[PDB]
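In structure tokens, the next block holds one chain alone, the form deposited in one PDB entry.
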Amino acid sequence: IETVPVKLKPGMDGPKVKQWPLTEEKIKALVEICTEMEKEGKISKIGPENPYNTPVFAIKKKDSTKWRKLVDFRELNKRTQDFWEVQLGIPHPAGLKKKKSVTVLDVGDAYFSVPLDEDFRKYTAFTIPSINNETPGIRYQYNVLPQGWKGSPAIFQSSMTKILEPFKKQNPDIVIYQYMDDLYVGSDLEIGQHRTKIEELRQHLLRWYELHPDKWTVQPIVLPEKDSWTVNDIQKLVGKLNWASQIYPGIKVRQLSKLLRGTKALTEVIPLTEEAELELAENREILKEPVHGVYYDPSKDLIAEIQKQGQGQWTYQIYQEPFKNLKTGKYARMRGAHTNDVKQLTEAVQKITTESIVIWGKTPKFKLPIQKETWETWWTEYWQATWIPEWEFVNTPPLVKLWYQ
């Protein structure tokens, strides 16, 4: 009920960012929604004296036909002062990723109760675009706390603590984490008891996505086990081991490469020498061990790389420094995405970002195996998430692709 003063970082003016073209239906949805929010005082129309703009579009969440308003706050978020509080930079609940189940809830409706600092409001300005530039776009600004901004959860942290105080003292074994407009709740309970507890908590929120991180673990580097090896098999194996020797210290390919001596047809079977078998075995033992000196640096950017494996399969690696892997995974999940590559990629990026939020409490910077123009054209169509990560584009095909399959 009382606004807390907020400024930007030193030497930084508010965001001026071009609004990208929107389809007619999305424009309609945004018009209706923004009119409703205007009548509720959540937003107010502004004049030409506000130079600032932040992009806006419309999405459809899971199991809902209702259009939701999505602001892209990335520029404002990086131009917003780094938020430290009396909480002293609350440490990420590392117990959350170790939980048997984690449920994600959208608490954004709560942010519309708290008013935004009057001076800072001008930086929240956005534009509803018109088709074919036939009329000037409709401009607004947020009176209350906008969803998607990084200052909103920080400001709402005290209130949210005051709200969740009974629940945490009731059943302390339930870990609660908060990121953006999303509230993550860990539990060891049973899915029925889990869902009933979730309804209990959401109604608890009312009067004031099911994830399974236990099923998500880390995966190792495995090598084929064959009775007979061709020249091609051994060539691939040698390549993969030579690559893995960047990750692991003691990988040695010489006795295996020794088998490739002479010029043989690719499909010809080469029997393994005893030394080569021993070498392969030692390599397996080496690959079974974890990686040497791999730590997470909170002061560094997380980097996510994604490879397309075909047939709806995708692989990914989250790391800070090259060949030190904090996380690796394979998204094979098929929902409605069979004929669309970009939709699959978008869902994958969302999942990886989510798991990143759970594990490290922050989103990584993606390197996407897609041309900029394609992605930039289609990504907002398949995007159901309330946040957005940072991304770049790799236009040279990686050789490491089949080394991750």
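Here, rigid core means the biggest group of C-alpha atoms that superpose within 1.5 Å across both forms. So that there is no doubt, residue numbering starts at 1 and follows the sequence shown.
Another form exists, deposited in another entry; not displayed. Remarks below refer to it.
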Listed 105, 163, 231, 201; moving between this form and the one not shown by 2 Å or more at the CA after core fit is just 231
Residue shift check between this form and the one not shown, rigid core fit, residue 188 Cα at least 2 Å:
no
Yes/no, residue 72 Cα shift of 2 Å or more between this form and the one not shown with rigid core fixed:
no
With a threshold of 2 Å on the C-alpha, tell me if residue 220 counts as moved between this form and the one not shown once the core is superposed.
yes
Do residue 87 and residue 188 have their C-alpha atoms closer or farther apart in the other form than here, with the shift being 3 angstroms or more?
farther
Looking in the other form, are the Cα atoms of residue 87 and residue 79 closer together or farther apart than here, the change being 3 Å or more?
closer
